[PDB]
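# Pasting an experimental structure, sequence included:
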Amino acid sequence: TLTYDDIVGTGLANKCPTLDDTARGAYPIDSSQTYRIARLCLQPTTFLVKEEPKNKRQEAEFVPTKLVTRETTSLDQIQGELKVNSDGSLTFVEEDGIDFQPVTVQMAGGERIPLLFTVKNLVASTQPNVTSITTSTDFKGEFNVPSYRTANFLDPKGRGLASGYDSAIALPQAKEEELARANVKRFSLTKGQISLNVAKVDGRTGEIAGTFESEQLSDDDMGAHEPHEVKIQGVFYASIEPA
Amino acid sequence: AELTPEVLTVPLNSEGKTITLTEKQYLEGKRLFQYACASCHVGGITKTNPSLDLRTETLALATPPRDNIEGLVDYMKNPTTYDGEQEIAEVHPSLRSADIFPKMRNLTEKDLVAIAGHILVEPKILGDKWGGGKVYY
Amino acid sequence: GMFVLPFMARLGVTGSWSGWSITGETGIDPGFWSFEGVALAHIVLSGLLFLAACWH
Amino acid sequence: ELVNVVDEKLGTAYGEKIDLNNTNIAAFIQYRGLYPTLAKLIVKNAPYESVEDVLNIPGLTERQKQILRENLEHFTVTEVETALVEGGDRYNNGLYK
Amino acid sequence: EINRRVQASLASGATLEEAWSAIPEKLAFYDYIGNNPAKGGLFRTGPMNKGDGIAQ
Ligand code: CLA
Ligand code: HEM
Ligand SMILES: CC1=C(/C=C/C(C)=C/C=C/C(C)=C/C=C/C=C(C)/C=C/C=C(C)/C=C/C2=C(C)CCCC2(C)C)C(C)(C)CCC1
Ligand SMILES: CCCCCCCS[C@@H]1O[C@H](CO)[C@@H](O)[C@H](O)[C@H]1O
Ligand SMILES: CCCCCCCS[C@@H]1O[C@H](CO)[C@@H](O)[C@H](O)[C@H]1O
Ligand SMILES: CCCCCCCS[C@@H]1O[C@H](CO)[C@@H](O)[C@H](O)[C@H]1O
Ligand SMILES: CCCCCCCS[C@@H]1O[C@H](CO)[C@@H](O)[C@H](O)[C@H]1O
Ligand SMILES: [Ca+2]
Ligand SMILES: [Cl-]
């Protein structure tokens, strides 16, 4: 039973809870009972970025990156409805939580890739006929990926979308057209996909843990440049509860 | 320009009756407002919630109306949210909560009236500066 | 138009401290003897030879 | 082709009235009786297909309904603009005085 | 001066288009801040054309 003073500064605060190796049980689902995920935690351990080949006909791979924004990456205190569907599948509907983190990773050679690592508005479902959550249960779903910067964000020349200059004021008589993409800010909103593979189950406490892989676009600097494809891998913890 | 009896004449109630404050009353009002209110309301704004200011138009659209002496005295006794829906004495200085807001303890009825008068007169002097915030400094 | 880079590669210096390699790999640790390390080494050597020149 | 969506939205009813679907909550202070109770309910139960749908918020007192009816003329609805509603910006859009 | 001329034109019965079309381009070009000598920079070197361009 660790206190804040036990944990502060250690890096444990950015880690999701684990389950003992004994946690290989089954958590029964009463189809007449409503359920909630009281806490969903996602701890990323690897950020992969898809390289962008030159011939545009090559098989592009996801390459490793170096995290440079430190232990600030985990999503936690996420809660939401856990619906029991007609076909016996379960569906988690994310309601709220600390469900995003800006992350910057660096590619070989130095290119930095910011992204909003997130499961905002996650809807994720299991296979049909889940009478018990077990080590064979998986969740698959989609989430929203809003702009990495929100609407008030001003670039270094003070241009922005919901605020800021709408032109390059330091170039008073330059031609506008060439600068359009930099002058007119755009707010991206795209989709991401995620799988959760349950590896451990405490059927008594309703706790589950496992691994996840998510895929989503990175920052596009409010429309100034193309986003990169990102694959995030890590571990997750969830506490299931009768609602 | 001068601080005339006309400047110092403000609405007493919602029914169109006015009251004319003395210069001593005006000074007492500024003093008491600085004493018990300016820490949050300096210049007619509200530091812990800038959405609500002390402009007369704002007070007039409040519920119940707060753009007169009776409204402001009542507010200093039993403050409400802007729609009048919640009583907020527990988080806003008032006579009702003088136990947890101790500077309210030595405030008399006369004092509340002076403060009210200050809040109503000051925009007649300062115009848009009152409730304007830094834009109008 | 690279001239000394191939001579470094020829004898086994193929990686950068920044993580890339000339064979196109990623996430490699070249150790100190990256291209940058080799360069640094030569600069320092230069400095020391300069001082020795003064003394002699 | 490139468009600032907020400037564009200023040329719609959003630039004329309180957009029940987009406008920051502080705007409800403009009119008697809307803030904070009704404003919170309205933003909470957004978006609305039409303005009068605001009347269908569950739990509304009769007084509340009357006040809403009194203020429908100051309301509008337009398409939800992502840029205006992300980042919790409807509760706090970075503007104070 | 431009406004004076345009007004003289209109008063003589010209249309708005006619009145403004009677204004010499040279005159209009004087009424432009890019030709104001107090709009420059110490290290912004060269002809005015190098800034806002060659007026057409
Ligand atoms: C009376 C002096 C004078 C003036 C007013 C002009 C004016 C002009 N010249 Mg001309 N020119 C001159 C003499 C002058 N010229 C001389 C002597 C030469 C021979 C080099 C030229 C050769 C020349 C060329 C080749 C060109 C011009 C051009 C021009 C036009 C652009 C000016 C510009 O960009 O300057 C920029 C001015 C500066 C960047 C200021 C420099 C300040 C110095 C470096 C400060 C020195 C600091 C000092 C070291 C401090 C010491 C401290 C110590 C005491 C402790 C402008 C109409 C250009 C043009 O448009 O032609 C059609 C052009 O191409 N000129
Ligand atoms: C000092 C005794 C004092 C007075 C007087 C005062 C007045 C006042 C009024 C009239 C309002 C309503 C504004 C409106 O437009 O309707 C109001 C609102 C708030 N105030 Fe206040 N206030 C006084 C003191 C203080 C102090 C010391 C603080 C800061 C801690 C403070 C803050 C606020 C806040 C917040 C509000 C808004 C409350 C809400 O509606 O939710 N006031 N004040
Ligand atoms: C082993 C090894 C190596 C190599 C090494 C080397 C190559 C070294 C060199 C070294 C050197 C190369 C050194 C030098 C030194 C020098 C010096 C030490 C100098 C000194 C000087 C002086 C002292 C001077 C002084 C002066 C002056 C400056 C001025 C005038 C006066 C007088 C004279 C006083 C390596 C890396 C590969 C790695 C492995 C191991
Ligand atoms: C003598 C040491 C000089 C300092 C070395 C500079 C850092 S190393 C430098 O890093 C860049 C960004 O990651 C890379 O793009 C580049 O390839 C690499 O050489
Ligand atoms: C005073 C309301 C009736 C009792 C409700 C529970 C007491 S709550 C009470 O609220 C007062 C402000 O009204 C404060 O003065 C006091 O400190 C606070 O504890
Ligand atoms: C003057 C700068 C000195 C910096 C030395 C950094 C050593 S770094 C160190 O070096 C070893 C030998 O290259 C490697 O095998 C090892 O993997 C690496 O971590
Ligand atoms: C004169 C001070 C220059 C010191 C520079 C020491 C670089 S040291 C170098 O750094 C790399 C990461 O950047 C590592 O991959 C490698 O193991 C390590 O040797
Ligand atoms: Ca499994
Ligand atoms: Cl306002």
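In hand now; what should we look at? Numbers count the residues shown, from 1 in each chain, chains lettered A, B, ... in the order given. Ligands and ions are numbered 1, 2, ... in the order given.
# for chain D, what spans make up the strands?
Under the criterion DSSP state E, chain D carries strands at the ranges D:18-19, D:75-76.
# Strands along the chain, start to end?
Reading this off chain A. Per DSSP E, chain A has strands spanning A:27-28, A:35-50, A:62-64, A:66-67, A:75-84, A:90-98, A:100-106, A:112-118, A:123-125, A:132-133, A:138-146, A:189-202, A:207-217, A:229-242. These are given in chain order.
# wrong chain, I was asking about chain B
In chain B, the segments counted as strands under DSSP E are B:9-11, B:18-20.
# The first one: how far from the chain's middle?
Looking back up the chat, that one is strand B:9-11. Computed by C-alpha atoms, centre = their mean, to the nearest Å, the chain-centroid distance of strand B:9-11 equals 13 Å.
# Distance check, the nearest residue to residue C:23 once chain neighbours are set aside against residue C:25.
Of all residues not flanking residue C:23 in the chain, residue C:14 sits nearest, at 6.3 Å (C-beta to C-beta, 6 or more residues apart in numbering or on different chains). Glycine gets a C-beta too; all of them are placed from N, C-alpha and C. Applying C-beta to C-beta, to the nearest Å, the value for residue C:14 to residue C:25 is 9 Å.
# Taking chain A, what residue is nearest to ligand 6?
residue A:66 (14.7 Å; C-beta to the nearest ligand atom).
# So that residue is in contact with residue A:109, correct?
No: assessed by C-beta atoms under 8 Å, residue A:66 is found out of contact with residue A:109, at 11.1 Å.
# any idea which of the strands of chain D is most buried?
Most buried of these by mean neighbour count (mean count of other C-beta atoms under 10 Å in any protein chain shown) is strand D:18-19; its value is a mean of 25.
# wait, does that one contact chain A?
No: contact of strand D:18-19 with chain A is not found when judged by C-beta under 8 Å from any C-beta of the partner chain; the minimum separation is 14.1 Å.
# what's near enough to touch the residue lying farthest from the centre of chain A?
Computed with C-alpha atoms, centre = their mean, the maximum C-alpha offset from the centroid of chain A is found at residue A:173, amounting to 43.2 Å. Residue A:173 makes contact with E:34, E:51, E:52, E:53 under the criterion C-beta atoms under 8 Å, 6 or more residues apart in numbering or on different chains.
# let's go with 6 Å and repeat that
Residue A:173 makes contacts with residue E:52, as judged by C-beta atoms under 6 Å, 6 or more residues apart in numbering or on different chains.
# ok, now the one 3 residues further on?
For residue A:176, no contacting residues are found, by C-beta under 6 Å, 6+ apart.
# Need the phi and psi values for residue C:49.
phi -60, psi -40 (degrees, to the nearest 10).
# so how far is residue D:27 from it?
When distance is defined by C-beta to C-beta, residue C:49 is 74 Å away from residue D:27.
# Have a look at these two and say which one is more surrounded.
residue D:27 (19 against 9; other C-beta atoms under 10 Å in any protein chain shown).
# which residue sits closest to residue A:48, ignoring its sequence neighbours?
residue A:62 (3.8 Å).
# partners of that neighbour in the sheet?
With DSSP bridges applied, residue A:62 shows beta-bridge pairing to residue A:50.
# What is the neighbour count of it?
In terms of burial, residue A:62 registers 16 neighbours under the definition other C-beta under 10 Å.
# Show the contacting residues for it.
The neighbours of residue A:62, taking C-beta under 6 Å, 6+ apart as the test, are A:48, A:50, A:231.
# which ones are touching the closest residue to the residue of chain A closest to ligand 6 other than its chain neighbours?
If you skip the residues right next to it in sequence, residue A:66 has residue A:106 as its closest partner in space, 4.7 Å away by C-beta to C-beta, 6+ apart. With contacts defined as C-beta under 6 Å, 6+ apart, the neighbours of residue A:106 are A:65, A:66, A:68, A:112.
# Between those residues, identify the one with the most neighbours.
The most crowded member of these is residue A:65, carrying 23 neighbours; neighbours defined as other C-beta under 10 Å.
# Closest approach to chain C from chain B, which residue is it?
At 46.1 Å from chain C, residue B:134 is the closest residue in chain B, using C-beta to the nearest C-beta.
# Find the nearest non-adjacent residue to that residue, please.
Leaving aside its sequence neighbours, residue B:134 sits nearest to residue D:97 (C-beta to C-beta, 6+ apart; 6.8 Å).
# Residue of chain B closest to ligand 6, please.
Closest approach between chain B and ligand 6, counting by C-beta to the nearest ligand atom: residue B:134, at 51.6 Å.
# cool, and chain C?
residue C:31 (3.0 Å).
# Do any residues in stretch A:138-154 lie close to ligand 8?
No: against ligand 8, stretch A:138-154 shows no contacts by C-beta under 5 Å from the ion, the least distance being 6.7 Å.
# Which positions within that stretch qualify as buried?
A:138-139, A:141, A:143-153 (16 or more other C-beta atoms under 10 Å in any protein chain shown).
# is chain D contacted by it?
Yes: Stretch A:138-154 lies within reach of chain D by C-beta under 6 Å from any C-beta of the partner chain, at A:146, A:150, A:151, A:152.
# Stretch A:87-95 now?
No: counting by C-beta under 6 Å from any C-beta, no contacts exist between stretch A:87-95 and chain D, the nearest distance being 13.1 Å.
# Check which residues of that stretch are buried.
By neighbour count with 16+ other C-beta under 10 Å, stretch A:87-95 contains the buried residues A:90, A:91, A:92, A:93, A:94.
# Nearest to ligand 2 among the residues you listed?
After measuring these against ligand 2 - C-beta to the nearest ligand atom - the closest member comes out as residue A:94, at 30.7 Å.
# Surely that closest one and residue A:82 touch.
No: the pair residue A:94 and residue A:82 does not pass the contact test of C-beta atoms under 6 Å, sitting 10.5 Å apart.
# Residue of chain A nearest ligand 7, please.
For chain A, the nearest residue to ligand 7 under the criterion C-beta to the nearest ligand atom is residue A:66, separated by 9.3 Å.
# got a list of what residue C:26 touches?
Contact analysis of residue C:26 by C-beta under 6 Å, 6+ apart lists A:63, A:108.
# Around residue 33, count how many other residues there are.
Using chain A. Other residues near residue A:33 number 10, with proximity taken as other C-beta under 10 Å.
# hm, I was asking about chain D
Burial measure for residue D:33: 21 neighbouring residues, criterion other C-beta under 10 Å.
# who's in contact with the residue lying closest to residue A:45 once chain neighbours are set aside?
With C-beta to C-beta, 6+ apart as the criterion, residue A:45 has its nearest non-adjacent residue at 4.5 Å, and that residue is residue A:234. Contacts of residue A:234 were listed using C-beta under 6 Å, 6+ apart, and they are A:43, A:44, A:45, A:212.
# next one: residue B:45
Contacts for residue B:45 (C-beta under 6 Å, 6+ apart) come out as B:53, B:131, B:133, D:97.
# ok, and the most crowded of those?
Highest neighbour count within those, by other C-beta under 10 Å: residue B:131, with 25 neighbours.
# Quick check: phi and psi at it.
Its backbone dihedrals place residue B:131 at phi 80, psi 0, with angles given as degrees, to the nearest 10.
# And it, how close does it get to ligand 7?
In this structure, residue B:131 lies at 56 Å from ligand 7, with C-beta to the nearest ligand atom, to the nearest Å as the measure.
# shouldn't that residue be in contact with residue B:55?
Yes: when contacts are counted by C-beta under 6 Å, residue B:131 is listed as touching residue B:55 (3.8 Å).
# tally of neighbours for residue 2?
Picking chain A for this. The number of residues near residue A:2, taken as other C-beta under 10 Å, comes to 8.
# Not quite, go with chain C.
Residues within reach of residue C:2, counting by other C-beta under 10 Å, total 9.
# What helix or strand is it located in?
Residue C:2 is located outside every helix and strand, with elements delineated by DSSP states H and E.
# okay, now the residue of chain B closest to ligand 6: neighbour count?
Applying the criterion other C-beta under 10 Å, we find 9 residues in the vicinity of residue B:134.
# One more: residue D:63?
The burial metric for residue D:63, expressed as a neighbour count using other C-beta under 10 Å, is 10.
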